[PDB]
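The values are calculated or read from the model by the stated rules, or taken from the named source; nothing here is a laboratory result. As a convention, Cβ positions derive from the backbone with ideal geometry for all residues, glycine included, and neighbour counts pool all protein chains shown.
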Amino acid sequence: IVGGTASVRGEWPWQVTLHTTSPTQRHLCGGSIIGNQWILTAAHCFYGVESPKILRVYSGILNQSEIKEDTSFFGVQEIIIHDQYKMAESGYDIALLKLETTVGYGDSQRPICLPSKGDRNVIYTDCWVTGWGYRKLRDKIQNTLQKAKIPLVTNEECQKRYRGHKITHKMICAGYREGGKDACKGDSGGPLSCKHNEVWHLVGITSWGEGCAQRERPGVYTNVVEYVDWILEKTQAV
Ligand SMILES: COC(=O)Nc1ccc2c(c1)NC(=O)CC/C=C/C[C@H](NC(=O)/C=C/c1cc(Cl)ccc1-n1cnnn1)c1nc-2c[nH]1
């Protein structure tokens, strides 16, 4: 996260840190708890991931230093990537992790509400991007979960900012015209959380941008409201 500040413990209890174990253990991506065996994240996170056996989901983490060999985690039973996904820049950048065991909800780990289809018209004015990602293009994973408040940008303005790309309505953009606050390397897969009527909603999934926090280059997020039926298809299968 660029231009962000340290989160407080329990502030983003749906935020997870997804680690890979191959070749050595390191943070891979962010994710959000959406159900008691379900993590919503970005499809591009699994580039070169040949098996869910190398994945570890850590919930209830503020500091990466809380993670050692004796720290509990959730194993991943299945990786579900949207089957129209090709690359982050073309959209469909969404994946589900089916966990091997159930998350016990509490004040340190609990789900974020998905957006309502009826609320595709609501204007979100209180949106935050969170993660342990870089603070600038050449940096390192941060110990403490960071947060940054960022305004949503219309599809029309985002398209003007990304000449040569096709910014679809399945993408949602967020950033200041002057830049300064954004997601960066290591934040992808994490949430873009917006508070509306005292309820937090998973509005976006951190996906891509041209550089980090650059002037007139908003961060591009998977527009979660456009995938609610796809999520229910995969999580509520009979
Ligand atoms: C010690 O542990 C580490 O160093 N881990 C460790 C360290 C680094 C990384 C990983 C693991 N994860 C991956 O490589 C998985 C595969 C993932 C690809 C892409 C992913 N992109 C982002 O996270 C965000 C991009 C992004 C998003 C928005 Cl909204 C705006 C601007 C963005 N940026 C443009 N340029 N940079 N950011 C990424 N993540 C990293 C590098 N790039």
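The table below lists the values:
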read-out: Members of the stretch 194-214 that are within 13 Å of the ligand (Cβ to nearest atom), over 14 Å from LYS149 (Cα atoms) and assigned to a loop (DSSP other than H, G, I, E, B); value: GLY209, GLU210, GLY211, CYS212, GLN214
read-out: Residue ranges of strands (runs of 3 or more DSSP E) in the stretch 1-93 with at least 1 members of a type in the set (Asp, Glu); value: 74-81
read-out: Matching residues, the stretch 23-62, being among the polar types (S, T, N, Q), over 21 Å from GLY204 (Cα atoms) and within 15 Å of the ligand (Cβ to nearest atom); value: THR24, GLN25
read-out: Residue list for the stretch 89-128, restricted to those being among the acidic types (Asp, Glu) and assigned by CATH to the domain that holds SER32; value: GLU89, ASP93, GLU100, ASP107
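Table: residues versus (1) closer than 26 Å to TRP38 by Cα; (2) among the basic types (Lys, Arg).
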site: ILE141; (1), (2): yes, no
site: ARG163; (1), (2): no, yes
site: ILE167; (1), (2): no, no
site: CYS184; (1), (2): yes, no
site: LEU202; (1), (2): yes, no
